[PDB]
Structure formats: structure tokens, C-alpha cells
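Here the structure is laid out as C-alpha cells; the discussion comes afterwards.
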Amino acid sequence: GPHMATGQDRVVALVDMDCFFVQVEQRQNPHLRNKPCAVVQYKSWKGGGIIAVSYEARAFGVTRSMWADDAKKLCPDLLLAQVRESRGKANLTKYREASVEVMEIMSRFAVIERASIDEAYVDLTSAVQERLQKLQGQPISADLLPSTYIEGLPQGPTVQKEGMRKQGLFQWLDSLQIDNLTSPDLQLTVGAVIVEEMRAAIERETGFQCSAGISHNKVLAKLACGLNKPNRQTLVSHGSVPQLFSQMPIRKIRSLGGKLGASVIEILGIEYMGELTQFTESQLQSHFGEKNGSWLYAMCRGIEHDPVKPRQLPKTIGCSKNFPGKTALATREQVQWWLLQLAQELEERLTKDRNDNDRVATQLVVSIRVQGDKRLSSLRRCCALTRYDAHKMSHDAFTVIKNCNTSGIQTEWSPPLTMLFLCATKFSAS
DNA sequence: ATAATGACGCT
DNA sequence: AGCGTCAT
Ligand SMILES: Cc1cn([C@H]2C[C@H](O)[C@@H](COP(=O)(O)OP(=O)(O)OP(=O)(O)O)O2)c(=O)[nH]c1=O
Ligand SMILES: [Ca+2]
Ligand SMILES: [Ca+2]
């Protein structure tokens, strides 16, 4: 009825950089531009692990987590750039810094939530309402939306991609309710215009291309974003949700890509996101818990309330290294030395962080993984972080994990460690 | 023998 | 406090 909330109160975008580490390497090395190429860490073992893949290389079947030697088998022309290595581990500084370039530019338009090294949510509600004043009911030209897809359109009465895009946009714009400043669809459309500008600015000032989703909440925006990649943006309207969700595999919806998603599928005996509508909120709550049941009930109707959190800086700073199989650390001296290598990178980055962002970390968290254990972390322990000093931090870290050592001989370490992880947390202003 | 990161929920 | 889930 008239008391039915429709989740159309906000305009929310998610921006995501196209094959981000590859673009960073391609900006720096013009030889890699418009070529099949990939970013790889380490190179001794099977040519290194691939962690990012240009879209040209994707067309050959090259994927993440592939060994580089295996990728060459699919794509013999594949060009590689390798991650900087410092102190025997990967060093992602180039990408973190590239990330800051993009984030500060987006920050110029609106409050952003940094969702990863190359993704940000944008709450555009205020900017849209303001822009809606700039245009005194003035119709929105197709030319303000040159890279925008309208999900679900064209419908009813062209054989190439751009032809379809435009026909969809035209059908959308022709039906638009422009003399109504409260029309959710109009707000989204104005939201999409701004995101075009934001994306133009990002490309102009960094050289980096990205894709974006624009919708009424974060989950739909994130979904919308992946529908037309690379270098394009997608508007997903509230109206588009029933058809879109009608064949949308549950695992595609953010937070449903793991075990909860799988149990939703198994317990309810369904496949697609829209099928969730046929259950009461109480039923969903009984199967998955109050919080999940409530969230599921709203979400399958395109309604979600998770706000864009005003946070542009990460809340933790960490360094980890895995030591798979034969490389697992087996002596005290190895464990101490690698904790030191981790502590040294951490200290550089913390000192940087303290000068840039006026804050200090107050807690050190130490995480290890023992051989045979499938879990990410075998064990987590903490101590105070009182000095940005590598030798102290590495020493304290050893102290809080050292009795995990089950070995009879003091110089030996067992069970061998397959991962070391140090993370600085609990920042206070400074 | 993917990695190296991150955010947050549950108890 | 410490472990588990989900994501890039
Ligand atoms: C998913 C993932 C990404 N990354 C890095 C490399 C990616 O370039 C970057 C962001 O990842 P994604 O956004 O997941 O991937 P992408 O940018 O490479 O490609 P797409 O265009 O499909 O978005 O972070 C990892 O190091 N490990 C990972 O598991
Ligand atoms: Ca990306
Ligand atoms: Ca991403």
C-alpha cells in the first residue's frame, strides 16, 4: 500500500577500477598498454602467481591465481609486470598510492566509503538534490550519459553493443518524469550524470578507467557495476529489480557469495534471488537468524539500508606473507627474521600514516597459520603498540606467539608456520 | 604452492 | 579477547 517502503530514499554509487594493478603498471609502462598483460608476484615458482589480468588477456582465458607459466600456455604473447619485492615479500605501495589518487578525486564530489584498494561507495543523495536545482526541470540529454547502461532496457519494439545501449537510454530518457524532483528514477538519472563526471575526472587526472553502478543502495550498486565492464556504468532502477532478480543466481549478491548463500540455496531449495520473495520474514528469520532473515526479506525486493560510511582511510595497516609447503618456517631463527622483515615494512607504512593522517596505532595483532590447518588464521594474539620500532614490534610479536612452539628442541619450530601476519589497529588521533 | 591484504560478526 | 565469514 501507501505504507510500503520501497528503498528509494538514497542515490548510491559503487565505483570500481578496471583491472586495477594492470592499469597502474600500464600507466608507468606504455609498452604494456592495449596488450594482453598480467601482474604477477614472485617468479621463481612457475613464473609467479598472477593477481591481475588485462581484459585483452582475459579473452585468452587467463585468470587470477593462475601460474604465469600456465597463462603463457593459453596466451603465448602475454606481457608481464611484477610486483615490487622488498625484504623478500610483496610490496603493494605503488597500488596503495595509485588508490589514494583515485579516492581523493572521488572525495571531491561526495562522502565516500573506501571498500577496497580500488572500490568506493558514494552516497550521492545530497549532490543529486542540489543538481536538481541547477536544472529548472530541464530535460536530461543522452549526451550527458555517454557511457551509461539502463538495466532492463531496451524492451519491446540493433545488432551491435552501442546500438542497444543507446536505444535503452533513449527509451529510459523518453519516459522520464522530469518535472517531479521527488521521482526516484529521476534522482538515479541525475546520479548517473554525476558519476559520468566523476569518471571523466578520474580518467583525465590519473589516466585510469573504471566502471560504476548507480542505484538506491550499496548491494544493487555493486551488482549494477559488474553488469557492463570495463569502462562503462550501469543504472539499476527499483523497477528493474524483479526481472533482474528473477534469473540472478543467489551467490552474486554481496555477502551471499559464501556459506550463507549456499545454505540459502540448500535449505530453501531455490536458485535465484527473486525466489526469496515467496517466503515470510519470519520464515527467513527462522532459517538464517533475525538479522539475516530481515536483510534477506528486504534485499530480494531491492531494499537495503546499510549506509555509506564516511571512511576514506583503512582502519588497519597490515603485512602478511605465506610460506607454503616446503618453505614453511621450521626454526626459531626463521620465525624471528621474518617477523622482523614484516615489522620493518609495517614501521615504514605506520610512520607514513602518522605524518599523513594525523593518527597512531595503539595495538599490534599477531596472526599465524600452522602446517596442515586449512583456516586462514591458526591463532591470533595482541600486545600494546607503543613505539613505531621494527625491532620492538617484531620482538613483542615473537613473545606473544612463542609458546605455540610445540618442539622439544629450542632452536626448532614445530608445527612449521605457513603464514606470518602483523596488523596495526586501534588508531587514536594524533 | 595463490597472495596480500581488508571489514566486520559472533561469542 | 579470540575465532569465523566474506570480500578485493
Ligand atoms: C580479488 C583480488 C584482487 N587483488 C588485487 C588485484 C586487483 O587488480 C585489485 C582489485 O581487484 P578486483 O577489483 O577484484 O579486480 P580487477 O581490478 O583486477 O579487475 P576488474 O576489472 O575485474 O575489477 O586488487 C588481489 O591482490 N588479490 C585478490 O584476491
Ligand atoms: Ca576492480
Ligand atoms: Ca574491486
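So you know, we letter chains A, B, ... as the sequences are listed, proteins then strands, and number each from 1. Only this structure's heavy atoms are used, side chains among them; waters, hydrogens and symmetry mates stay out. Both ligands and their constituent atoms are indexed starting at 1 by order of listing.
Numbered from 1 in the order shown, with element, the atoms of ligand 1 that lie under 4.0 Å from a heavy atom of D18(A) read 21 (O). Those atoms of ligand 1 with a heavy atom of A52(A) less than 4.0 angstrom away are 8 (O). Applying the 4.0 Å criterion to heavy atoms of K229(A) picks out, from ligand 1, the atoms 20 (P), 21 (O), 23 (O). Close contacts between ligand 1 and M17(A) involve ligand atoms 17 (O), 21 (O), 23 (O) [criterion: under 4.0 Å to a heavy atom]. Set against the non-hydrogen atoms of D118(A), the atoms of ligand 1 under 4.0 Å away are 10 (C), 13 (O), 17 (O). Against a heavy-atom cut-off of under 4.0 Å, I51(A) is close to the following atoms of ligand 1: 6 (C).
Under 3.5 Å, the side chains of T93(A) and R84(A) contain no donor-acceptor pair of N or O atoms. With no hydrogens or angles considered, a side-chain donor-acceptor pair links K94(A) and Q28(A) at under 3.5 Å. A donor atom on one side chain and an acceptor atom on the other are not found under 3.5 Å apart for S394(A) and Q336(A). With 3.5 Å as the limit, one finds no donor-acceptor pair spanning the side chains of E333(A) and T331(A). Side-chain atoms of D185(A) and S237(A) include no donor-acceptor pair closer than 3.5 Å.
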Under 3.5 Å, side-chain donor or acceptor atoms of residues 114-127 of chain A against the rest of the protein: list the pairs with distances, not counting sequence neighbours.
unit_1  : atom_1 : unit_2  : atom_2 : d
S116(A) : OG     : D118(A) : N      : 3.4
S116(A) : OG     : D118(A) : OD1    : 3.3
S116(A) : OG     : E119(A) : N      : 3.2
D123(A) : OD1    : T125(A) : N      : 3.1
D123(A) : OD1    : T125(A) : OG1    : 2.7
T125(A) : OG1    : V11(A)  : N      : 3.1

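Contacts between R58(A) and ligand 1, counted as non-hydrogen atom pairs separated by less than 4.0 Å, involve the side chain only. Contacts of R64(A) with ligand 1, taken as heavy-atom pairs under 4.0 Å, involve the side chain alone. Heavy atoms of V53(A) found under 4.0 angstrom from ligand 1: none, in either backbone or side chain.
Separation of atoms CG (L417(A)) and CD1 (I401(A)) is listed at 6.0 Å; rounding is to 0.5 Å. Atom CG of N91(A) is separated from atom OH of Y95(A) by 9.0 Å, given to the nearest 0.5 angstrom.
For the pair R199(A) (side chain) and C210(A) (backbone), a donor-acceptor distance under 3.5 Å is present.
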Worked verdict on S211(A) versus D16(A) for side chain to side chain contact (heavy atoms under 4.5 Å, CB included): CA-CA 5 Å; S211(A) 303; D16(A) 173 84; 5.6 Å; no
Audit row: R87(A), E345(A), salt bridge (charged side-chain N to carboxylate O under 4.0 Å, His left out) steps and yes/no: CA-CA 8 Å; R87(A) 304 185 192 82; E345(A) 182 192 340; 5.1 Å; no
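Of all non-hydrogen atoms in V360(A) and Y388(A), the two that sit nearest each other are CA-OH, 3.3 Å. Scanning all heavy atoms of the two residues, the minimum distance from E56(A) to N34(A) falls at OE2-CA, 3.5 Å.
Atom 17 (O) of ligand 1 has its closest protein heavy atom at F20(A) N, 2.9 Å. At the shortest separation from atom 24 (O) of ligand 1 among protein heavy atoms lies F21(A) CE1, 3.6 Å. Closest to atom 23 (O) of ligand 1 among all protein heavy atoms lies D16(A) OD2, 3.0 Å.
By the 3.5 Å distance cut-off applied to N or O atoms, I117(A) is not counted among the residues near ligand 1. For ligand 1, the polar-atom distance check finds an N/O of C19(A) within less than 3.5 Å of one of the ligand's N/O atoms.
Excluding water, every protein N/O/S atom under 3.0 Å from the Ca ion (ligand 3) is given here by residue and atom: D16(A) OD1, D118(A) OD1, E119(A) OE2.
Distances shorter than 4.0 angstrom occur between a heavy atom of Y55(A) and an atom of ligand 1.
Using a 4.5 Å heavy-atom cutoff, the side chains of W295(A) and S255(A) are in contact.
For atom 8 (O) of ligand 1, the nearest protein heavy atom is under 4.0 Å away.
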